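A.B. asks: This one is an experimental structure. Sequence first:
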Amino acid sequence: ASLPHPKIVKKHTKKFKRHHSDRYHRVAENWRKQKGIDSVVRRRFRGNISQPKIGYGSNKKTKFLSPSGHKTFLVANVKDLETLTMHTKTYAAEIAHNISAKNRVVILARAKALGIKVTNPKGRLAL
Amino acid sequence: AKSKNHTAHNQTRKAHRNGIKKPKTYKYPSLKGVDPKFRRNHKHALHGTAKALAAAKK
Amino acid sequence: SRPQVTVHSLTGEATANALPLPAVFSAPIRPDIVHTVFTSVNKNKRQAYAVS
Amino acid sequence: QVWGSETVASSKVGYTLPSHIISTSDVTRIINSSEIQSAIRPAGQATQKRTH
Amino acid sequence: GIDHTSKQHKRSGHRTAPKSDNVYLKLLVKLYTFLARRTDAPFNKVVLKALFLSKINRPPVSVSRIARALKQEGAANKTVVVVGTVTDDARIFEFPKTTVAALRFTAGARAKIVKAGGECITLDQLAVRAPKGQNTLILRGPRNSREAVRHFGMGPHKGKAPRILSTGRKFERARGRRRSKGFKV
Amino acid sequence: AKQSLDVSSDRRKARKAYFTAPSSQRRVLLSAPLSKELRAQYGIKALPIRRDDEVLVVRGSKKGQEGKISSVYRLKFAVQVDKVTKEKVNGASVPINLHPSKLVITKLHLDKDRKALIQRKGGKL
Amino acid sequence: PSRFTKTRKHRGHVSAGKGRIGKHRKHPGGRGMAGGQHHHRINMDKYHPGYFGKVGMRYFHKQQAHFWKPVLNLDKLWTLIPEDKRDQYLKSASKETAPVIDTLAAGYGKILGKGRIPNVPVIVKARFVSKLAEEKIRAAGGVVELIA
Amino acid sequence: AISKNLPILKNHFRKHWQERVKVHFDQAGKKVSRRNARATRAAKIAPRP
RNA sequence: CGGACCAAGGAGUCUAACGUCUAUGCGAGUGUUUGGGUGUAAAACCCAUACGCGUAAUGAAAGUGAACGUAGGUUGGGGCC
RNA sequence: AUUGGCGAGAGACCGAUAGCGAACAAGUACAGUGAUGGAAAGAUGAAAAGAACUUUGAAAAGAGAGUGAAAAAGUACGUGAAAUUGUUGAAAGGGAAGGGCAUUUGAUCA
């Protein structure tokens, strides 16, 4: 039920990773800019890893847009689900990981009755 | 431990980075350095001119 | 004039008595000053701590 | 009497209620006033139509 | 590549939108922005620009200043418009009746105006009375009257009030100010 | 809250006092409520536990079981009640310790000191 | 405070806002006001003239109570009287009845001539009076009395 | 040391002022103690002022 | 040149007196919290005199101490008529 | 006035590599003839209910059985990562591995 929107395009789908993160275990995969004077990445030599810049910004119209075309909204209870009544065509319901299955099934039933898309319907459900 | 003594390189570029402004010209420049007798003449002349202007129309 | 606010009895039902407003509610509302003064005063009730 | 009024004393040393820097809290009514509307020029078309 | 002849992405240098979080002043700024946008009168633009000045940029103005402004012929019917705080001045004894519009009024100045018979209004009342600023006069206080200004641009052979907490004998009056003690400035 | 300037509301101080309370303090700390019938009979809400006091379990997995008290372990802050225990795999019987506050005093051993305490606390017997 | 400090933004940067060629060595040149005449002489002679040398004679046991000379002008002369009576005194410019001002009682010792008071008689009591102020007060109609 | 256009400051802190420095965190407590002492003195010295 | 690896800890913080800028409050005045009363009790509220800075500066000092006027004339000058 | 002693009330303080050197048999073990220096060490489980009994093994122990809400809680005991190692599964390997640009193939995915 997503509104007609421009095709989702991503300039850089690959996740940016820190230099030598695979080489050394103490270096986490979280990106950190290299400030060394003789840093190859900072000097931007040919054949290096990509550096995050202002050019990689996604389209504003498609910003925070899921592939299904519905924005993700975190839901905590029935009252929180009520927030997505008159905006269901442009939003999606997501259930927090702190929610027990007993209340999860009630929230799922409420969303089904109210016509609200659920990001993770099969969460903490018996299978 | 020899070092460079004097070098004029990049000085002209540093000076030209900001526009070399001409000194500001005013309608009435400072009367310093002029003859003191001429200054007294100036003071008396404007005193008389102001008195005449006030007499004609205040 | 200024609005007359009805006074409710202890039983929970408003009576016929009416009173003028206390001439403060017309003061300007300044959230910035309110927040600044509240933050400043909230530090007054504090206990000093220091490592030996 | 405790906090003062427009006629009674404020019961405080040289204290007066703060003055309002703007007469009314609503500016839409000021905009809609006839004197302002007569002086203001006719409006446009909100979002300008794209040309060329 | 473009051979830039000037700094790119250079800020205009003029403060847009007030820095203060005053909600009432923000509403006044919005009202005057709308007035300047919809009217060609430069008075609205001048008032909007003056509303953006800082505390040190909006010096205070004593009642004697508006008294002198009214003393000029043709300004008796003019309604003064000062962007700042009007302060009481005890030097002036007789205050002619007039209309004064300012953001803030001192208690003494307001009492003096009321006693003299003049009227005091706020900026929005002034705007609704005269949307185009008809028969209005703009008053500004002395900008360089601040005590910090006298210390500005201190240098040799300038005499620009050198910064010192305690003045008097032996405090910044030794060699450097007297010809007998070495030299003078 | 607290209006007195001498009592302590600190959790650390309260826990320290409870854990290091001597035998005399533990005697009054280990108190059990009385039954409804016994409360109607004496007019006393609660009394300190005793070795020869009949008690009935009101909370826990042993609900409904009643018996006499074999011994009160003030060191362990508990009281042992006979005729209710768990059987070990070795074949021996080990008593199960339980808090006195989880019991309802069905009957108590009346003595001279006990009767004096009843009169001091305002009993009718 | 801590959140708004530039140190948090400097986090990550190697030099932390202190440069690379010249490190932030504690007390690089001198300490306090060291070298006021050797290597800081340029700043001493350009920004703080008159720092070095003697000025005049020495006055031992300088008691500031002796040099208690508060001043006021004719413009503020009328401000001492409360307005409730000041307005009617201004309205009634009468010689036989004039307001009396005690500058000493308000903490002002010397009378200075500035303000051009209106032509209303007024009696003023002060320890010291200036020539111009006395002439102006005499011309206004009132007289000045010296009390101590 | 010497810096830009800043007034000369004469701060006497060369000595070990950290060892000998007093801070009054006890203002309210000592005020309450003084009030209690005044009340008990009024009680002790009889209706005498 | 330091670096075998990993985990934990790790470095422009605070005080006294200030310079520029900004915000708030009052305004030729300004600062309750030295202290007293009051208090639901280190919280909050109220208050008299004093004192810090400014309103007058220049001299080593004895001392003196700012309208000939529409608080002056002229140039440039936003706004207003 | 009070970094000593005793009896008390609190913290926008700290949390077992923090906080006093010491939360535990801490000025203890220990080192130096000597004056002195000076640590590491908190947590099973509500309740030991601490694994009866059978089998293999000399025994330490292993496997069944049982207590236990949980033995993925066994007096090496709350929760249980990396550096390092073993088993199973997948992939690559003519004097390095690791990375970036794009794609084929395999696995996997809304």
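C.D. replies: On my side now, so go ahead. Numbering: from 1, shown residues only, chains lettered A, B, ... in the order given.
A.B. asks: Spell out which parts of chain G neighbour chain H.
C.D. replies: Proximity of chain G to chain H (C-beta under 8 Å from any C-beta of the partner chain) is limited to residues G:27, G:29-36, G:40, G:43-44, G:47-48, G:51. Heads up, the C-betas are built off the backbone N, CA and C, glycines and all.
A.B. asks: from the residues you listed, which would you call buried?
C.D. replies: G:36, G:40, G:44, G:47-48, G:51 (16 or more other C-beta atoms under 10 Å in any protein chain shown).
A.B. asks: Format these as TSV; extra columns: secondary structure and distance to residue C:7.
C.D. replies: Listed next are these as TSV, based on DSSP: H, G, I helix; E, B strand; the rest coil; distance: C-beta to C-beta, whole Å:
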residue	secondary structure	distance to residue C:7
G:36	coil	76
G:40	coil	75
G:44	helix	75
G:47	helix	70
G:48	coil	70
G:51	coil	73
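A.B. asks: how about these, which pair is most distant?
C.D. replies: Across these, no pair lies farther apart than G:36 and G:47, at 11.7 Å, counting by C-beta to C-beta.
A.B. asks: ok, and which of the residues of chain G next to chain H reach chain D?
C.D. replies: Okay, of the residues of chain G next to chain H, nothing touches chain D (C-beta under 8 Å from any C-beta).
A.B. asks: quick one: the helix or strand encompassing residue E:70 near RNA strand I?
C.D. replies: Using DSSP states H and E, residue E:70 falls within helix E:63-71. Yes - using C-beta under 7 Å from any atom of the strand, we find that helix E:63-71 touches RNA strand I at E:68, E:71.
A.B. asks: And for that helix, what's in contact with it?
C.D. replies: E:75-76, E:78, E:80, E:82, E:86-89, E:91-92, E:95-96, E:98, E:100, E:109, E:112-113, E:137, E:139, E:141 (C-beta atoms under 8 Å, 6 or more residues apart in numbering or on different chains).
A.B. asks: what about stretch A:86-105, start to end distance?
C.D. replies: With C-alpha to C-alpha, to the nearest Å as the measure, the ends of stretch A:86-105 fall 22 Å from one another.
A.B. asks: Buried by neighbour count: which residues of it qualify?
C.D. replies: In stretch A:86-105, counting by 16+ other C-beta under 10 Å, buried: A:88, A:91-95, A:99, A:104.
A.B. asks: Buried residues in the helix ranked longest in chain E, which are they?
C.D. replies: In chain E, assigned by DSSP state H, the helix with the most residues is helix E:23-38. Neighbour counts over helix E:23-38 (16+ other C-beta under 10 Å) mark E:24-29, E:31-32, E:34-36, E:38 as buried.
A.B. asks: Against which helices or strands is it packed?
C.D. replies: helix D:28-32, helix E:42-51, helix E:123-129 (3 or more C-beta pairs under 8 Å, 6 or more residues apart in numbering or on different chains; DSSP states H and E).
A.B. asks: what ranges do the strands span in the chain?
C.D. replies: All of this is about chain A. A:71-75, A:91-95 (DSSP state E).
A.B. asks: Can you look at chain F instead?
C.D. replies: F:31-33, F:46-48, F:54-57, F:66-67, F:69-73, F:78-87, F:93-98, F:103-107.
A.B. asks: start to end distance for stretch D:5-18?
C.D. replies: Using C-alpha to C-alpha, the two ends of stretch D:5-18 sit 11 Å apart.
A.B. asks: can you tell me if that stretch touches RNA strand I.
C.D. replies: Yes - under the criterion of C-beta under 7 Å from any atom of the strand, RNA strand I is reached by stretch D:5-18 at D:12-14, D:18.
A.B. asks: list the buried ones in stretch E:110-130?
C.D. replies: E:110, E:112-113, E:118, E:120-128, E:130.
A.B. asks: where's the residue of chain F found nearest chain C relative to residue G:8, distance?
C.D. replies: Residue of chain F nearest chain C, by C-beta to the nearest C-beta: residue F:10 (14.0 Å). Applying C-beta to C-beta, to the nearest Å, the value for residue F:10 to residue G:8 is 36 Å.
A.B. asks: I'd guessed residue F:73 sits against residue F:79; true?
C.D. replies: Yes - counting by C-beta atoms under 8 Å, residue F:73 touches residue F:79, with 6.9 Å between them.
A.B. asks: okay, and the common contacts of those two?
C.D. replies: residue F:97.
A.B. asks: Between these two, which is the more surrounded one?
C.D. replies: Shown here are residue F:73 and residue F:79; by other C-beta atoms under 10 Å in any protein chain shown, residue F:79 has more neighbours (25 against 14).
A.B. asks: Let me see the contact set for the more buried one.
C.D. replies: Counting by C-beta under 8 Å, 6+ apart, residue F:79 has contacts F:30, F:32, F:49, F:55, F:69, F:71-73, F:97-100, F:103.
A.B. asks: If we check RNA strand J, which of these are in contact?
C.D. replies: residue F:97.
A.B. asks: Can you tell me which of the contacts of residue F:79 are classed as buried?
C.D. replies: Looks like these have F:30, F:32, F:49, F:55, F:69, F:72, F:98, F:100, F:103 buried, using 16+ other C-beta under 10 Å.
A.B. asks: In a markdown table: these, plus distance to chain D.
C.D. replies: Formatted as a markdown table, the buried ones among the contacts of residue F:79 follow (distance: C-beta to the nearest C-beta, whole Å):
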| residue | distance to chain D |
| --- | --- |
| F:30 | 56 |
| F:32 | 56 |
| F:49 | 58 |
| F:55 | 61 |
| F:69 | 65 |
| F:72 | 62 |
| F:98 | 61 |
| F:100 | 56 |
| F:103 | 58 |
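A.B. asks: Just the closest of the residues you listed to residue A:84, please.
C.D. replies: residue F:98 (51.7 Å).
A.B. asks: My assumption is that residue G:135 lies in a helix; please confirm.
C.D. replies: Yes - Residue G:135 forms part of a helix when assessed by DSSP: H, G, I helix; E, B strand; the rest coil.
A.B. asks: Can you give me the distance of it to residue F:93?
C.D. replies: For residue G:135, the distance to residue F:93 - C-beta to C-beta - is 121 Å.
A.B. asks: Next: residue C:22.
C.D. replies: Counting by C-beta to C-beta - residue C:22 and residue F:93 are separated by 77 Å.
A.B. asks: Return the distance of the residue minimising distance to the centre of chain C relative to residue C:5.
C.D. replies: Most central in chain C under C-alpha atoms, centre = their mean is residue C:25, positioned 9.2 Å from the mean C-alpha point. Separation of residue C:25 from residue C:5 (C-beta to C-beta) stands at 10 Å.
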